[PDB]
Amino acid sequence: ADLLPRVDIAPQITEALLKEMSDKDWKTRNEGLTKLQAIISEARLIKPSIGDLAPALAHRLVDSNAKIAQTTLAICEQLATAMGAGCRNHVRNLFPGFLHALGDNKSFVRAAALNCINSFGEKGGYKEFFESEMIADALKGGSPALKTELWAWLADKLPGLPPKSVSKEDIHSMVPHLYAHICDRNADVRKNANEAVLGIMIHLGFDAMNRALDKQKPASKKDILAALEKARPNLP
């Protein structure tokens, strides 16, 4: 922890607040989030201890009501700012929900989701995103919009992350999806997955990716190998 004065808001995350947040009526859930927003604003800077709030927010990130889901993204961004480095403590709960919102039909929601991701990344470190196959699981069953956004993000971020901040094994888990999506039926997915080849290789290296190609025997081996060969001369 840094040496800033930080308020512990855990005592304010009451059973009643959580119950209101999870009411069957979306307007009532919204009232809960309204109270939550005020709690965070009034504290300004907070400790990482938030009671059972993180799993509660995770459910709201994937709320069946779009307004609630959007409001929750805004609250998570507010939470990141208030918590600073402590936000890494809650990545396992919240990141899957952020990733899922990247698949939204509406660009402003995808943007809010990206902003949450990058806020948590900057404040708590990107290291916690590359664990437990959260990214691979999102890519796996992913909508075209999600795959488009997520490959762009990986292509953008991986080349600038030091190896210590990225689990090699978690990057390995992305490789089958990379090899499929390089050939995706969707032109945006194809473009962005190809752009991510270099970033993946910066962390795994050519030999490991080529071994994966041989072992996994995906379709279009010639095109996958071509992509690996195209990226290699651009490695650091």
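Residue positions are given as counts along the sequence shown, with the first one as 1.
In this entry, 163-171 has the higher mean Cα B-factor, the comparison being between 44-52 and 163-171. Between the stretches 224-232 and 208-216, it is 208-216 that shows the larger average CA temperature factor. The PDB entry assigns its highest CA temperature factor, among 118, 105, 71, 81, to 105. In this entry, the residue among 112, 75, 139, 87 with the greatest C-alpha B factor is 112. Annotation for residue 63: CA B-factor lies in the lowest third of the chain's modelled residues. Placement of the Cα temperature factor of residue 177 within the chain: lowest third of the modelled residues, per the deposited record. Among the modelled residues of its chain, residue 157 has a C-alpha B-factor that falls in the middle third according to the deposited record.
Per-chain ranking of the deposited C-alpha B factor places residue 21 in the lowest third.
When the modelled residues of the chain are ordered by C-alpha B-factor, residue 30 sits in the middle third.
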